[PDB]
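Read the structure below first, then the notes.
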Amino acid sequence: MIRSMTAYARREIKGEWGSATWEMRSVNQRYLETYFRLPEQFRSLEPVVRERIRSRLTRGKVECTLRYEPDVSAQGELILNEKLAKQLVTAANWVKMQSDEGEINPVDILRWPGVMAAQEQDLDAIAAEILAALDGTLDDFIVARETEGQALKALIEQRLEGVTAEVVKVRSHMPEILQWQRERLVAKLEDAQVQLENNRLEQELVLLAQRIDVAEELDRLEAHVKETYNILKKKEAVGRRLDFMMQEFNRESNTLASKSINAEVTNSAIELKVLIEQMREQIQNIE
Amino acid sequence: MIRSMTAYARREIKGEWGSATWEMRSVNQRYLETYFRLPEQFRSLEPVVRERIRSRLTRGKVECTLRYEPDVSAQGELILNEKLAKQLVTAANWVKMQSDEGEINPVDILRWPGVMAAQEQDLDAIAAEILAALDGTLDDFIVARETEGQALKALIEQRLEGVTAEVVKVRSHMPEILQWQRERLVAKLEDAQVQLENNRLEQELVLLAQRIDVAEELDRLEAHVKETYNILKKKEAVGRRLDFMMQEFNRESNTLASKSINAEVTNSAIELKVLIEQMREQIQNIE
Amino acid sequence: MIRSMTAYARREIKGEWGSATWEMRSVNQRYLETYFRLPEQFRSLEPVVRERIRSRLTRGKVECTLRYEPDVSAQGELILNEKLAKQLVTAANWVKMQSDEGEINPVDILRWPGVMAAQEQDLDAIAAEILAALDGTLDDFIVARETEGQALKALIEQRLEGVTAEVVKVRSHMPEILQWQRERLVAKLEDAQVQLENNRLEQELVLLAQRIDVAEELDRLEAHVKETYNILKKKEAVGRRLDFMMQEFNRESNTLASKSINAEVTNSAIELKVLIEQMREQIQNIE
Amino acid sequence: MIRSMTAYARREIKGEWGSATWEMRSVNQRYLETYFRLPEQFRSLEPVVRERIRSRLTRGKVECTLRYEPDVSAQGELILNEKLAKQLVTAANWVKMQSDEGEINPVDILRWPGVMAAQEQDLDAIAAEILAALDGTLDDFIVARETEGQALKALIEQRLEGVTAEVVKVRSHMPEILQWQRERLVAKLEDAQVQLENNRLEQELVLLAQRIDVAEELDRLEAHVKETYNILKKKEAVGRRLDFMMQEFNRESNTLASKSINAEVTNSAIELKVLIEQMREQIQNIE
Amino acid sequence: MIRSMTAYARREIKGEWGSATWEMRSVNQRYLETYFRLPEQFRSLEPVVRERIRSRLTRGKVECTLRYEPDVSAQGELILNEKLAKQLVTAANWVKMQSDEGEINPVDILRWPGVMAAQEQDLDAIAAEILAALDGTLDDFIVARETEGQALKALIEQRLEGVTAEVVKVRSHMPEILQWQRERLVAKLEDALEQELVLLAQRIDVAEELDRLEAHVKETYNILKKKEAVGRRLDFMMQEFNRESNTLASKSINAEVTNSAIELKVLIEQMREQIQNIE
Amino acid sequence: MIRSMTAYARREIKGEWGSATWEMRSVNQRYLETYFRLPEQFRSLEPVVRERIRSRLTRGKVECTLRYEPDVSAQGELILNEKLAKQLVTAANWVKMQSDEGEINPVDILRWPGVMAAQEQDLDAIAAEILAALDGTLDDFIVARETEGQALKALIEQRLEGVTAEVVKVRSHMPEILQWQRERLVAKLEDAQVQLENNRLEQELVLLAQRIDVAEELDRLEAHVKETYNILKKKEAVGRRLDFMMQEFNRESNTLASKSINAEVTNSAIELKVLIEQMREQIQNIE
RNA sequence: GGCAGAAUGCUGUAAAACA
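Protein chains in written order, with the working numbering: chain A, 6 to 292; chain B, 6 to 292; chain C, 6 to 292; chain D, 6 to 292; chain E, 13 to 291; chain F, 6 to 292.
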């Protein structure tokens, strides 16, 4: 199915251990790039979440952020290190003896690293819930991508309908275009004949006759819109395939615009460029 | 109707507690880029804000910054962890017995992590007003775009009037230059004392007239100014269509300059090219 | 007069509130692009500053940066969160009751986050001074543009005198076209020893004399240097008009080089192309 | 054998001293960059660890973390630095003389870095096992890379088979396209009432056919897929070479698309570009 | 002499204040375009630096970056903001009212941000030394252009020697060409007219083409020693070379002269390709 | 005399006070950054050490470790910045005048950054010997860098011999390729075409010869290996100069691949890019 | 108009680069 490369997904899980929030953002990119902002406590989950991301997403820069705020009140009571505190007090008394003046601060002893440390919580139980929330976030992310992808497909199918209409309007002027093609070649034949001892006369006519195929340019445009409809229903990653198709649309419209056949044909040729330009806008953020 | 691609809208809301400001900027771009700088608390508004913006704007580098200024005075009172504070004080008194000296600092106990924190935020109600301000800011942003859009349209229309005047001037000058060549050619024959063959002079003068015939270029230029006037009345965005029309304008001006032989016609062609360049400069800012 | 596109202006203002610095720098550009890097407190000045910049300037890549350095101490007494400071005192007092001993350091409460809110500034009287500094910086920027522009005008006029000198040299080293081809044909036909008709041969000499005659090309070169002098004295924007004029200068030099039949003319054509190239380089710096 | 730049490997050793864990993770990178998260006890092993990894590996970003968990008995209690403590007391007394007031806080002396530091064991025997454990991790790392690289090689081979199929399809379609295009071009001249020498016209038709013939491009594509198979069969460092081969693939496909006439050839060129893009995506993750 | 538009030059000036590294990098360009990445402290030097560079270079896209690494110890001695300290003391006194206890610590006031900030550096004598390094870097930059332009000059002179050899080879066949031109003139006359004959005589003969080629070679040799900006002048000379050789390429008499003309065209194309990257 | 950014130098100094070991290690970096592991006894030597190291080095991440083993016979003292220590006390006294209370903690003055600093003028007997040991260690570190960079120079020059081999290899294929194109073209015209019509065969071959003419790229490649040899003997910091040279190497190598019409040349141009990639990897280690 | 392709604009590349 058609998918977009700009989606936002968010999930949050709460419990006695605390609250953990998963956030996922996507921006357009040629390849798949994953950047993580995991907390230091759960730094060990990076390979697993990276594999989970790469297993479902196929293109676009992805930013994943995990915020973990433990419940301090629900945490176990802090335990006082009896031996470590006693060691510091005896050591601090020695410094008082050398300096002959001192005042032990009881809070400063408690603030020392190690002493008065809370018991470590069971991170293994939290990891499973966090991974479940990550899977839910991936599901929401894919749903958001698909929801916006349908909008892009509708916009592109709207533009492609206009391209066929513009081809029909240009085909309405074929009797005038065919008359113009003859005059382009007839004038060149006699213009070169007026010039004397001019070589490569046949080369000019042969090259010129190849570059006035207005009928063939419309056929290729009509063949691309038929194919572009088929590309949109491939159910695979067609983001890049459409990007290479837009270059073929650009190639045909560029040659048609430079013809300058007629005032009314020029308006349609300008419109073809506009439709392709608008169509190329949507292809940028398709996956 | 038409809109400028650069604008600036700022809206500030003074709620019961705190205040928020919505700021929008826009710069010229070939596609639509929407960059958001939302605060940490309201980071989840991006999908809602992005949808509400991409549905009203077509092109430009739109940057939206939401600045949240909480009222600490009106903020919820910090909750004091009585049990955690009591645990530290009793443990501090344990050190005091062994140290035999020292006084517990009341501020130091409060400075301990987890003793005091903001228990409640209640951001669901305050986020509704912020989103409501966004709809107001977009309306001002669109009006700012349309206000500057009219100046661009007026400038483009003035330059189009100048283009029509220059075309009329060239058309007026053309017959005199056509007659000037005939007098100069016969003068050289008279100066060379050579009697040209019958119908050779008439045949030769046809080639020069074809060389200096710019009627088709002027007709195409008038058709292009009429088409540009029609385009400027369209409700859809016309930045790309006008930018493509300027290419046809440039083609006609280049052909006129190339086929020019008189100083006055060359000066008029240069004036046409200057007018087209000014038109394109104004077009770059059109939606 | 004419103004260079690249310039640099800087202006610093001091006061009891602090220091502010305006820096404006521009470089060559096809159109007018203005990028503003304003401080956070003064982001609301962007529309006014942009309007003034666009009013004063025609084209360039102008970038304006405002550096704001508020004084740390201002507005008399420091702004204190009275509720938060009082709230911590009550909480600290409760800790004293349990421990029966303690003291509250005033700086400890001041160092508490939120108690010392960001110092309030008027931000309205300072805006007038900043806008006045912006106007002064615009005056300096325009003066610097005009000073550099006068040097560019001298360089262009020096090369224009070179073009007139080269045209004089060509008109003196150019032999009589009718006589030059007559002598060349006679010698070549002397080997053939057969002449179809002397009467018809003389007619073709005059008709095809203009093919190799460069008198017409030289007159247009002399007409353009007179026009280029006139363009340099206009009050409007001149860079675009002169840039399109150099195309006409190059058009004549190419035709003069191709039509050249003598080494002196060809060497002069190269010299003309060098002078035009040197003259075209300076025009790229004129707005 | 071909290897990948993304792999994982973990090794742990259990002993009476404690438990040490080695973790290696690789992410694709242009060059080799090594980051080490080593404990303070084994910080001196970084130059030894870095040399072993840089010698065995060639490319990719590698992050190696050594998780050292000593036993309670193996932990060394903090030892007071009496020599350093007495120096600070003398240093503090010098400042007291300048101020004539103040008292030295005994805890503040202890909190000074280096005064209260745990004794460091020899750990020479323990580190000897760590290096052997690290060498085991590196041995499994290469094996881990090789298994992952086999899938990439299989994918690249499948896409190369698709490329060969597309090339043979284009070669099958081409002669009919060439035959019809020549027939259409000569018929176009007849409709324009242009009479040309058959010998001269036929010579121009042959040269134009050589201009629009794509046999050489397909031959180059076949040679490129054969060389790609050889490169895959090569031994080491076939990432960047293979990427350059993909650049050549893209060049040939772009030439084929630009020189194409029929819609089928254009569709085949689009398919070739899609296959080359997928190969580039896979190859970006190859050492 | 000949200057190549691509070069690199680096100079580092070191001192008690820190370091300052100038890194000029240049590639090809039709005109002179300079881009600067200056540190925030020395961004005001752009007009002075830009003027200095524009006066010593003629073409190329120059990218000059100044890297400033100020020293921590180079900062001035601390000064006391008496206005800010007094405000903090009054602010501290307010808290003492509610608490009705406590003593303000003088050092804690000094530890507050902004009350003992160091004096700003002069940044005036430093800029004088930085501009001295820029002047030196340009001298190194020019040498890097000249040491690369000598190779291009040698290649162009080699191609010019090849062109002279080809011209001599063509001149060795002058009587054969002269006979061919007479037959061509008679053939058109005997076909029957005057319209075609007059322009045929107007066309440049082969000997004049070779003389113009030799004159172009001599002028190119002089230009390579002109000792100024000769990139565009050499490009125009190559255009003239192409215009002269097109006649020989078009004319067909025999295999040897055709091969010599093809060699001349290839040599002129190589010269033109190598000219594009000379300042 | 190329210096590499990876080196190691250890120097031990023995005296009556004990044994002091200076170790210096360097790792690749874009700029110069120094980290010190001085014991707190000699912590005040950090500014002088940093000044000397930044004076004698240009680029690279440098880690310096000093191990000090004092003896009971000799006792040292902490070097203090007397000028700054007295200034802080004077400033504190001024604050005491306004507050009319307070006391100065001696440890607070010492903890102030810059107070625990040393200068070369005021150094102990041991400190001067430590500084001399550091000078010797830095000289040995420079020697190690020079002798490690000699290996890098050999590695790079080995690749440069490959580049000249590829350049002379392509130069032999070029006369064969152009000659082979002649046979292929006349084979097509050998069917029923008399190629002796004007010079279409020769003009096409001339046009083809100018399209595939890679002589300009090969000469610039050869002129860049001559200059790269001289850069490797400049006896200065040429790490960045070589990096810019490789960009010029890749610029000509990639253009050679593009203009190539034969598979052998393209396979050679791929080899040129690989040699550049191998050289680029070593250049990252060059100071 | 960094180098180069096709014919203002679009691709390849330096760019897994430089801010």
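Cβ atoms here follow ideal geometry from the backbone N, Cα and C, with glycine treated the same way.
Item: Candidates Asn33(F), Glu68(F) and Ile288(F): closest to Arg245(F) by CA position; Value: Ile288(F)
Item: Per-residue burial, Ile291(B) [other beta carbons within 10 Å of its own, 16 or more giving buried]; Value: buried
Item: Interface flag, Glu286(D) vs chain A, CB-CB below 7 angstroms; Value: yes
Item: Min CB distance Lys278(C) to chain E below 7 angstroms; Value: yes
Item: Integer Cβ distance of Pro82(E) from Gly30(E), believed to fall under 8 angstroms; Value: 4 angstroms
Item: Per-residue contacts from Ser60(B) into chain A (C-beta, under 8 angstroms); Value: In chain order: nothing, as chain A lies at least about 10 angstroms away.
Item: Between the CA atoms of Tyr73(C) and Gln53(E) - distance to the nearest angstrom; Value: 15 angstroms
Item: Sheet register partners of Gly81(B) (DSSP bridge); Value: DSSP, once it has assigned bridges, lists no residue as partnering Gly81(B).
Item: Under 8 angstroms from the C-beta of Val100(B): neighbouring residues of chain A; Value: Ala90, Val94, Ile109, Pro111, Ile114 and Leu115
Item: Cα-Cα separation, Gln186(D) to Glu209(D); Value: 13 angstroms
Item: C-beta contact flag for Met10(D) and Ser31(D) at 7 angstroms; Value: yes
Item: Neighbour flag for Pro52(A) against chain D, beta carbons, 7 angstroms; Value: yes
Item: Residue closest to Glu171(A), alpha-carbon to alpha-carbon, out of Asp113(A), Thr233(A), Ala90(A) and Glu269(A); Value: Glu269(A)
Item: Near-chain F residues of the stretch 204-219 of chain A - C-beta to any C-beta below 8 angstroms; Value: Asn204, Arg205 and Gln208
Item: 6 angstroms CB neighbourhood of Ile161(C) in its chain, flanking five on each side removed; Value: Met284 and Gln287
Item: Contact set for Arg8(C): own chain, Cβ-Cβ below 6 angstroms, skip 5 residues either direction; Value: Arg150, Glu151, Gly154 and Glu292
Item: Cross-chain neighbours of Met250(C) in chain B, by beta carbon under 8 angstroms; Value: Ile275
Item: C-alpha gap between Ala220(D) and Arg176(D), whole angstroms; Value: 7 angstroms
Item: Top-ranked residue by Cα proximity to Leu37(A), from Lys19(A), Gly20(A) and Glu68(A); Value: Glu68(A)
Item: Inter-residue spacing [alpha-carbon to alpha-carbon] between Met251(C) and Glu166(D); Value: 56 angstroms
Item: Cβ-based neighbour list, residue 4(C), same chain, cut-off 7 angstroms, excluding 5 preceding and 5 following; Value: Since the first residue of chain C shown is 6 and the last is 292, residue 4(C) is not available in this structure.
Item: Contact set for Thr77(E): own chain, Cβ-Cβ below 6 angstroms, skip 5 residues either direction; Value: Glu35 and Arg49
Item: 7 angstroms Cβ shell around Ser265(C) - same chain, five flanking residues per side excluded; Value: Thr271 and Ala274
Item: Of the residues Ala32(E), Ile25(E) and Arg55(E), the one placed nearest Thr26(C), counting alpha carbons only; Value: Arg55(E)
Item: Segment contact, 8 angstroms Cβ cut-off, at least three pairs: the stretch 117-124 of chain E with the stretch 108-118 of chain C; Value: yes
Item: Contacts of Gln103(D) in chain F (Cβ-Cβ under 8 angstroms); Value: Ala90, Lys91 and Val94
Item: Cβ distance (whole Å) where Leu183(D) is taken to contact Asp218(D) below 8 angstroms; Value: 7 angstroms
Item: Spatial neighbours of residue 299(B) in its chain, beta-carbon cut-off 7 angstroms, leaving aside the 5 residues before and after; Value: Because chain B here runs from 6 to 292, residue 299(B) falls outside it and cannot be looked at.
Item: Proximal residues to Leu280(C) (C-beta, below 6 angstroms), its chain only, five neighbours per side dropped; Value: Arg164, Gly167 and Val168
Item: DSSP three-state assignment for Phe41(B), whether helix, strand or coil; Value: strand
Item: Bridge partner(s) assigned by DSSP for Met29(F); Value: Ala14(F) and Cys69(F)
Item: Residue environment, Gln99(E), which counts as buried when at least 16 other CB atoms sit within 10 Å; Value: buried
Item: Contact list for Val191(A) against chain D, beta-carbon separation under 8 angstroms; Value: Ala197, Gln198 and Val199
Item: Separation of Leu206(F) from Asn204(A), as counted between CA atoms; Value: 13 angstroms
Item: Contacting positions in the stretch 56-88 of chain B - beta carbon closer than 9 angstroms to chain C; Value: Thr70, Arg72, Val77, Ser78, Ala79, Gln80, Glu82, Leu83, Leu85 and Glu87
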